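In: Take this sequence and fold it.
(chains A, B, C, D and E, ligands or ions: 6)
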Amino acid sequence: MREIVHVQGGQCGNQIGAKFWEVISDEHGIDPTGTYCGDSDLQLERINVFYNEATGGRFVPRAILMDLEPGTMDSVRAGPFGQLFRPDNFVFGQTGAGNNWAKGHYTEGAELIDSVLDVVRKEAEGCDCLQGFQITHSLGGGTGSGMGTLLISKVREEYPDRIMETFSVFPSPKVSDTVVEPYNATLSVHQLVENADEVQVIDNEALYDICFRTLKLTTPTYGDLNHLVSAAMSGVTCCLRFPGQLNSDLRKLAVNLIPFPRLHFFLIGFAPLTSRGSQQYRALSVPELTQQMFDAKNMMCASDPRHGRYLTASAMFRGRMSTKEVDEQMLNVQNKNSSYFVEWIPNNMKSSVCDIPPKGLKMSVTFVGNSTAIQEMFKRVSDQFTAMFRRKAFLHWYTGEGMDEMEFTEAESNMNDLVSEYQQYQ
Amino acid sequence: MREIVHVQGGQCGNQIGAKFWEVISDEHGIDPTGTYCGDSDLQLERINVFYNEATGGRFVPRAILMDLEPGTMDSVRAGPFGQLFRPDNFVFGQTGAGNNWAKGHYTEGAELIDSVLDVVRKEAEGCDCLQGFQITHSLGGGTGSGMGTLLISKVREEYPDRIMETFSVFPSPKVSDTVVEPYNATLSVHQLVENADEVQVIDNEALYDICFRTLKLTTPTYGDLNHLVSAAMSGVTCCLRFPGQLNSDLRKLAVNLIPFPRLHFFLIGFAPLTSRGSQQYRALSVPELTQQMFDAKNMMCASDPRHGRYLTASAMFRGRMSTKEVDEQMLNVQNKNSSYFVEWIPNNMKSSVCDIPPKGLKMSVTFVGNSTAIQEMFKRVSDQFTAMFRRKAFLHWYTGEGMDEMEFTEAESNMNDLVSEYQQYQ
Amino acid sequence: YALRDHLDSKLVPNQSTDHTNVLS
Amino acid sequence: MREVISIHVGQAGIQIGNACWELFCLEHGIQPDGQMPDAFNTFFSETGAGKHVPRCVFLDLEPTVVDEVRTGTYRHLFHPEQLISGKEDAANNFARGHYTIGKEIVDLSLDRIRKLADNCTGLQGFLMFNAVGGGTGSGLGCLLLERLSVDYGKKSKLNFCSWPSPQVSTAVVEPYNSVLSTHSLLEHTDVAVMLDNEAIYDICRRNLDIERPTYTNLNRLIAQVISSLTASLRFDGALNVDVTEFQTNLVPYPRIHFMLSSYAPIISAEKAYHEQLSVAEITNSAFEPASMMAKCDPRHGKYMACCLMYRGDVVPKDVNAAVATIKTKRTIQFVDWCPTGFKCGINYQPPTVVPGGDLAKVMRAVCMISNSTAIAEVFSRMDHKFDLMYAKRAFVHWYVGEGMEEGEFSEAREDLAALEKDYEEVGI
Amino acid sequence: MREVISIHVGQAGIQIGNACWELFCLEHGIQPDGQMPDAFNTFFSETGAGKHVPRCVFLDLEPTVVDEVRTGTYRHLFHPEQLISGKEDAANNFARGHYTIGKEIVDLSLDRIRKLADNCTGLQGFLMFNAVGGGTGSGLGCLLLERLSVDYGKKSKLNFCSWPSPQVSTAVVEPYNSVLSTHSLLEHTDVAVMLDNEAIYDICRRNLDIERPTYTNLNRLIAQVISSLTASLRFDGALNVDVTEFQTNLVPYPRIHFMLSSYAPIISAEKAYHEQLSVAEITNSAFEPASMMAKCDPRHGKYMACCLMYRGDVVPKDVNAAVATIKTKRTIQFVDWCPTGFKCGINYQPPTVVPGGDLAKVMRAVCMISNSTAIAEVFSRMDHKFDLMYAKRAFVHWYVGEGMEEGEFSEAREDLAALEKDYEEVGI
Ligand SMILES: Nc1nc2c(ncn2[C@@H]2O[C@H](COP(=O)(O)OP(=O)(O)OP(=O)(O)O)[C@@H](O)[C@H]2O)c(=O)[nH]1
Ligand SMILES: Nc1nc2c(ncn2[C@@H]2O[C@H](COP(=O)(O)OP(=O)(O)OP(=O)(O)O)[C@@H](O)[C@H]2O)c(=O)[nH]1
Ligand SMILES: Nc1nc2c(ncn2[C@@H]2O[C@H](COP(=O)(O)OP(=O)(O)O)[C@@H](O)[C@H]2O)c(=O)[nH]1
Ligand SMILES: Nc1nc2c(ncn2[C@@H]2O[C@H](COP(=O)(O)OP(=O)(O)O)[C@@H](O)[C@H]2O)c(=O)[nH]1
Ligand SMILES: [Mg+2]
Ligand SMILES: [Mg+2]
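Out: Numbers count the residues shown, from 1 in each chain, chains lettered A, B, ... in the order given. Ligands and ions are numbered 1, 2, ... in the order given. Structure as follows:
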């Protein structure tokens, strides 16, 4: 009966997490007005993990919505499955903190963290052990990366041994909106490497790339880019909510993927993914599910693992399976591809079979892989950061809200350090 | 057995108490016409605590109504639940206390005193016993602050063994009407330390703050002001009216809440106080009532108890809850934040459990805590008194109606002894 | 004219009775 | 029973009375024939079945200002012996209203006051309504008040004189009448509120947008202010104000009782539904320096106490939020010895409209009477026009020759010097 | 509550505001009386029961423009006291509109700034609309932006100026007024969008193919731009770009805030259905060098930070593919210090039509507020306009005769000269 406090921050984090609360509500039988609908005990006993219990009778989510602009949370509230959420956990703000990490971290959001953390406390000490703080936020805006960095810091100093996952989305190189995005990432990685246990790195180009070359969607949208993230986050915390042959919770994921504590920026994935004709045409064998994890196409990073070395890799299998093909599919991929795996770790692998598959499908995999190839993410963010900081572009709205230029040089010093220890580890 | 008599005083005292006789009459099930419709014995087993019997089966409140100005007497009589009062309990003047403390205590309110002690005597002498006298008044005005405490002093002479439960409205810190707030306040708390008992604290800006955040009233009313106080009326007098597991009459509250005789200022509070939006989403259990009732955003005093320390506290639980489920919650709240409880009294809290819930709610709790933090209020009364008295302001009314500036400066000197006494007890 | 002391809260306080697009 | 007596005297007496008693009769459902087709008890009586007879003591020396109501539409409204006029006016002469002609009219005016106050159940106030730079309003006002302080020397006496204006003017003897009639307004008046005529002029020009208000349009704005002052004495209310509550709570040191007044909104029909009349906005227009009904720009003074009346559908939560913005406004500042104090009442009945008038139907109203020390600058301009006329003894033989001895001028000058003085180190 | 105040100063300011408030009333459904049969909150209040008064201060120094609005079809829509009218014009003289005639009319106009800001909670900025090419818009434009910077100097200031045109020009003292306006446009202005005259003329040549259109058709195209600026405030959107994000992603240094506008498609009824106008094609015409509303070729300049405001049925992928194709184009040259530089926002609301206007029903439209180094030569032509006239002190005897000291010409010339030096060093 372990709990997860799920905090969604930023406009992107609120939309990603709202898609999470509908892919876990149908997975648990929760109606939009919280009532279980079926008659399965396996769908209900571990409802304490992501839901509370009301004297009304409804299973409100353990969710904390968090965004200085009161327009996105209006959209979440008025949308489907938005009537589940408690209205007290809607900490508003009315200023905006528009695309400024200085405003999100030092200016206006500073007198909002003292109210969102009261909501966090009202959810956290309501048990006898919390498992983790699953936090979804953006790294390219102001409310997401800024006050997101405030909440990750104060949660860690209050709770030193509690886990906190971070399904954070990083700024995108090819086409991205916010001009100060390299400023919004370089200043956020510095606290995301010292106050974080797991940071599942997500981009936007490879999520577009997934719905272009696995699904062949001629019409993707921001909703179905979020439904892929919500499906991945569902499978990672699946053993905490469902029984299995080989149960493996979030801490089991942490202890078996990080060699040394700073190297914790993983790559997420989900690999049953079918096309339009290829729903009837696709087998559902374990070796084929292993094939679709270890493709650069079905990676939610665009930071190709072929250009790098897998330090450690884990796969949270789900569904009615054979416990042997779950392991020699890891053994065969480590042997037929041995140069793509770090030599000082024999058995770079974990398999974990849960027994409850996602609805409709027969099995599922969620790949969480610590790779060398997150080098490419940090080095191009450093390339976009250095190009503007060398001539101090847009700097005076970070100094104007109250900073100094050494905070930028230390933020790049940590993240140019971040490409370094991944480099001798290759 | 256990006769408690309401001695309603001031404009504010008569609409605070008219809602008192609107919620007590609802809990005991009496129509405004004076009959009963509740069909239950446990409702009609302590009617004599607040209702003397009259011919033809009609109950009357033991409630002396008292004013110097007959306008608010007309409003109480005309309103619903208002024609239950005895017409010679309507002891009123025709001149009007013009917010002058001398006008109640040393002139015209003092010639109505011989009539108001007559009607107090008639509803107190003929009985078997009486536990105490209940008094609501309006410190800062003319009537409740003025001859109101003159009726406190004379009742103290007639019955110097019965308890004086006084529900007094101190002046608002933020803003209020009635410019002579400081002159009425200090001169009245002169005698509310020695002809007195539990002097519990109620404030208008404070109660406003509950009905903006805790209850989200967009357009609150003065009726909603009186209703939250009237809910705390039933909680503080609950074991005198309804059976429980650990019964605690109103004198039992005083004996385990007052360490030293002048230390009798009590924060009052009510729980649960839930908004309609959060009505069905939250739950109703003892950990949630405790988190809400120690929450300083809920306390009916504008003094913040975190800027202080609880000397001794007490609670009035009412419902079908476990006496166990109360008493490790008292232990847990004492052990987590021990910085807000005194060290020289161990285990700083009394708990009482009444079997019978309040009307409606399954469970409810009322907090009566002797926190030492109330010197936030008392120094606010002091520092505005120093401004007006040092430059001799408005004194040609207070000395021209029959006093001197000796009584003002020794009311100040009594007052500073009170803030000093709480200070070393912290 | 008792319009100030409106009963905006019944005996339990629980206060009395009284754009988003689609990215499907 | 609550009651009060109105003491209209002068042209500014009777004509303001015509505007205030048409207003008080229409708001109570009282027709000009006298009868109604329980709030009446403070301004009318109950002679017989119906026929709410008013309780004014309408008074002048000349008959040509009282005769048009003795023959007007309100002829069968007042008691005809409450309409008291002699033969010849005082003619802008204090000594002709205080030492000569006037003794044989005071003995009848206070005769009528006796048998109004006899049919009263506990008296509360004396609303005197006069001009001060004029004749009968100054002299006959001073005799009637000096002998009102002995036969009823215990009740409140709320004067509403109309001070001479600094730039606008009407007669050459404003200094020679109002300066020396502060004797009546200091040692015999308990609250004096000055309604300067210049301020009522431009407050119609700005807010009402009438470029050309006549005295009748001025007196309707004053009639609104009286209807909001003695309003809690009539209707059911929230936090209430009496005349004794007004007395003890606004007023500092006993001689200091010279206050301003201001109404809000004073909007017209066009400027009525183009803006929301929120409680915060109407009290900003109440406090704004161009809304004071005397040219007494409060930024060069020191606010001491303010008494506000929120007539109509006003919620006290909106009141406390609105007056908090007044504290935070650094333009409106307050004296150190009065750190708090915004004594505010709220009535329920909405302000009534005069049909054919220039004010629009508004759900709310704010009437503010405040005691800024900028009210001493009234006497600073007024004394300047006194000393240089008195420098060569101009217009002195019409005064010393009629009934008065020379010497009153010099000690009334000392009275104005001490009146400015007492407003100085109180606000220091 | 999300809201913003729109200032309109000058003949151009009021007449652009006529098309702006016509279009804003159509989008929100508010009729010309105010009664519509929470999107309105940015531009309209909630007076009365349904009276949505617009949020603007119409200011001009003439009667002629303002009273004609007060006698137009929108008479009882605006609050009539928001239409502050002057009494004599600045006469194409910056000295008259800033020192002598404008020293009175600003005091009344700023009084409506106080009431329009106290009526609202959460104010975001000031959309000021002014011409620069003459008096009034430059004079009151200077004085309003000065005093609003000291009492509201913590909020954004979106000033959609009308800079003087390069070749055509309807004033000869016009170079003097705009050199004597960069002393306020450089520092008392948060964003200064430069709109021109031939640039809407030749958009009307090639795109709307109207041979002889009027200033009303210029103002309608500007109004459609402004409705796309503040599009994510009133309405919803996938990517919302509020007023603080038009300036945190576009202003790289505190001096460089002179951006340029580009709507697309400004298309008629003929060509609308003949093309398949979609997200890729609309931004290709938005980056067409003649589609600037500046007459400022972006090819002999180079971009620094471009902002796109896709509006209608626009899917975020198609923003991404169109931004990529713009980036791969070689003639569009960005800067070394901005690998990013496409602040894209999407509104779900389609752009509206004015009935009987010049624009057809189009599903998708892009507005483009872009910052480049090409704006430097717009100031460089006006620098050359200044020094022929100031070579022998032409037209100076009115500027110095009305109150200015003669050195302000050289001080504003060197301040403007340091602006192109700043725009040259920003792109080394
Ligand atoms: N507001 C207002 N003031 C008036 C009105 N009529 C007269 N006054 C004032 O009255 C003053 C004239 O003095 P009064 O005492 O009223 O004149 P009187 O009553 O005939 O007395 P005598 O001077 O003796 O003739 C002028 O200063 C006017 O300002 C009026 O209708 N409205
Ligand atoms: N875009 C646009 N510009 C205009 C319009 N009318 C005038 N202008 C420009 O404004 C400049 C002159 O200033 P105006 O706005 O007309 O008048 P003003 O600013 O009030 O100055 P005064 O005439 O002295 O009062 C001219 O150079 C025109 O280019 C218009 O309707 N639309
Ligand atoms: N996947 C996804 N990304 C989004 C969504 N909304 C915004 N984004 C991304 O967030 C960036 C815009 O910054 P934003 O997250 O809104 O800043 P914030 O307001 O501080 O959270 C864009 O580059 C988008 O790629 C969404 O619903 N889903
Ligand atoms: N809750 C509540 N407070 C009131 C009421 N009436 C007055 N008050 C407050 O009591 C204080 C002084 O009361 P006041 O009426 O002037 O004196 P009173 O006539 O003796 O009660 C003021 O600050 C008011 O805010 C009421 O009916 N309910
Ligand atoms: Mg006369
Ligand atoms: Mg012009």
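
In: how far away is residue A:424 from residue A:210?
Out: Counting by C-beta to C-beta, to the nearest Å, the gap from residue A:424 to residue A:210 is 32 Å. Using the backbone N, CA and C atoms, a C-beta is placed for each residue, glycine as well.

In: Centroid-nearest residue for the chain?
Out: No chain in the question, so chain A it is. Chain A has residue A:167 as the residue nearest its centroid, 1.5 Å off, counting by C-alpha atoms, centre = their mean.

In: actually it's chain C I care about, not the one you picked
Out: Centroid-nearest residue in chain C, with C-alpha atoms, centre = their mean: residue C:18, separated by 3.0 Å.

In: Count the neighbours of the closest residue to chain A within the stretch 1-150 of chain D for me.
Out: Going by C-beta to the nearest C-beta, chain A is nearest to residue D:27 of the stretch 1-150 of chain D, at 43.3 Å. Residues lying near residue D:27 (other C-beta atoms under 10 Å in any protein chain shown) number 20.

In: you'd agree it is up against residue D:228?
Out: No: applying C-beta atoms under 8 Å as the test, residue D:27 and residue D:228 come out as separate, 11.1 Å apart.

In: which residues in chain A form strands?
Out: Here chain A has its strands, by DSSP state E, at A:3-9, A:63-66, A:90-91, A:130-136, A:165-166, A:198-201, A:265-268, A:310-319, A:349-354, A:363-371.

In: Make TSV from those and add distance to residue B:115 and mean neighbour count to it.
Out: Below are these laid out as TSV (distance: least, C-beta to C-beta, whole Å; neighbours: other C-beta atoms under 10 Å in any protein chain shown):
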stretch	distance to residue B:115	mean neighbour count
strand A:3-9	64	25
strand A:63-66	61	27
strand A:90-91	56	20
strand A:130-136	65	24
strand A:165-166	74	24
strand A:198-201	78	22
strand A:265-268	82	25
strand A:310-319	83	25
strand A:349-354	82	22
strand A:363-371	83	24
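
In: which stretch among the ones you listed comes nearest chain B?
Out: strand A:90-91 (9.5 Å).

In: Let me see the residues that make contact with stretch A:247-263.
Out: A:2, A:4, A:131-132, A:163, A:165, A:193-194, A:197-198, A:236-237, A:239-240, A:264, A:266, A:311-314, A:316, A:345, A:350, A:352, A:354, A:368-370, A:418, A:421-422, A:425 (C-beta atoms under 8 Å, 6 or more residues apart in numbering or on different chains).

In: Can I get it in PDB? Just the C-alpha atoms.
Out: What follows is stretch A:247-263 as a C-alpha-only set of coordinates in PDB (Å, rounded to 0.1, in the frame of the first residue of the first chain):
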ATOM      1  CA  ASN A 247       7.500  -7.500  -9.200                       C
ATOM      2  CA  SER A 248       9.800  -4.500  -9.600                       C
ATOM      3  CA  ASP A 249       8.800  -1.100  -8.200                       C
ATOM      4  CA  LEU A 250      10.300   2.400  -8.800                       C
ATOM      5  CA  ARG A 251      13.100   2.000  -6.400                       C
ATOM      6  CA  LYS A 252      14.100  -1.300  -8.000                       C
ATOM      7  CA  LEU A 253      14.200   0.700 -11.200                       C
ATOM      8  CA  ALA A 254      16.500   3.200  -9.600                       C
ATOM      9  CA  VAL A 255      19.000   0.900  -7.900                       C
ATOM     10  CA  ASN A 256      19.500  -1.200 -11.100                       C
ATOM     11  CA  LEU A 257      20.000   1.500 -13.700                       C
ATOM     12  CA  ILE A 258      22.400   4.200 -12.200                       C
ATOM     13  CA  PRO A 259      26.100   3.200 -11.800                       C
ATOM     14  CA  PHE A 260      26.900   6.500 -10.000                       C
ATOM     15  CA  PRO A 261      24.400   9.100  -8.800                       C
ATOM     16  CA  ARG A 262      24.800  11.900 -11.300                       C
ATOM     17  CA  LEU A 263      24.300   9.600 -14.300                       C
END
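
In: got the contact list for the residue nearest to the spatial centre of chain D?
Out: Centroid check for chain D by C-alpha atoms, centre = their mean gives residue D:160 as the closest residue, at 2.3 Å. Residues near residue D:160 by C-beta under 8 Å, 6+ apart: D:127-130, D:192-193, D:195, D:222, D:226.

In: Tell me the spacing between the residue of chain C found nearest ligand 5 and ligand 1.
Out: Nearest residue of chain C to ligand 5, counting by C-beta to the ion: residue C:1, 43.0 Å away. Distance, residue C:1 to ligand 1, using C-beta to the nearest ligand atom, to the nearest Å: 33 Å.

In: and that residue, that's in a helix?
Out: No: counting by DSSP: H, G, I helix; E, B strand; the rest coil, residue C:1 is not found in a helix; it is coil.

In: Could you check how far it is from ligand 3?
Out: 50 Å.

In: Please name the residues that touch that residue.
Out: D:235-236, D:348-349.

In: and residue D:150, how many residues sit next to it?
Out: Neighbours of residue D:150 using other C-beta under 10 Å come to 8.

In: for stretch D:268-276, the distance to its chain's centre please.
Out: The chain centre lies 28 Å from the centre of stretch D:268-276; the measure is C-alpha atoms, centre = their mean, to the nearest Å.

In: what comes up buried for it?
Out: For stretch D:268-276, the neighbour count (16 or more other C-beta atoms under 10 Å in any protein chain shown) marks D:268, D:271-275 as buried.

In: likewise stretch D:371-389?
Out: Buried, per 16+ other C-beta under 10 Å, within stretch D:371-389: D:371-379, D:382-383, D:385-386, D:389.

In: Is any residue of that stretch near chain B?
Out: No: Stretch D:371-389 lies out of reach of chain B by C-beta under 8 Å from any C-beta of the partner chain, never closer than 10.5 Å.

In: if we look at the host helix or strand of residue D:224, which residues are touching it?
Out: According to DSSP states H and E, residue D:224 maps onto helix D:215-229. The set of residues external to helix D:215-229 that reach it, using C-beta under 8 Å, 6+ apart, is D:15-16, D:18-20, D:22-24, D:27, D:127, D:160, D:195, D:197, D:200-201, D:203-204, D:208, D:210, D:246, D:261, D:263, D:266, D:293, D:309, D:311, D:347, D:351-352, D:354, D:357-359, D:365, D:367, D:369.

In: For the stretch 301-428 of chain D, just list every one of the strands.
Out: For the stretch 301-428 of chain D, the strands defined by DSSP state E, counting those that start in this stretch cover D:306-312, D:344-346, D:364-370.

In: at contact distance from chain B, anything in the shortest one?
Out: So that's strand D:344-346. Yes: judged by C-beta under 8 Å from any C-beta, strand D:344-346 comes into contact with chain B at D:344-345.

In: Assign a three-state SS to the residue in chain C that ligand 4 sits nearest to, would you?
Out: Relative to ligand 4, the nearest point of chain C is residue C:5 (7.6 Å; C-beta to the nearest ligand atom). At residue C:5 the chain is in coil, as set by three-state DSSP.

In: just checking, it touches residue B:79?
Out: Yes: contact between residue C:5 and residue B:79 holds when scored by C-beta under 8 Å: they sit 7.4 Å apart.

In: about what we covered before: take the buried residues of stretch D:268-276 and lay them out in CSV including secondary structure and distance to chain C.
Out: Formatted as CSV, these follow (DSSP: H, G, I helix; E, B strand; the rest coil; distance: C-beta to the nearest C-beta, whole Å):
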residue, secondary structure, distance to chain C
D:268, coil, 28
D:271, coil, 27
D:272, coil, 23
D:273, coil, 23
D:274, coil, 27
D:275, coil, 24
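
In: All good on my end, thank you.
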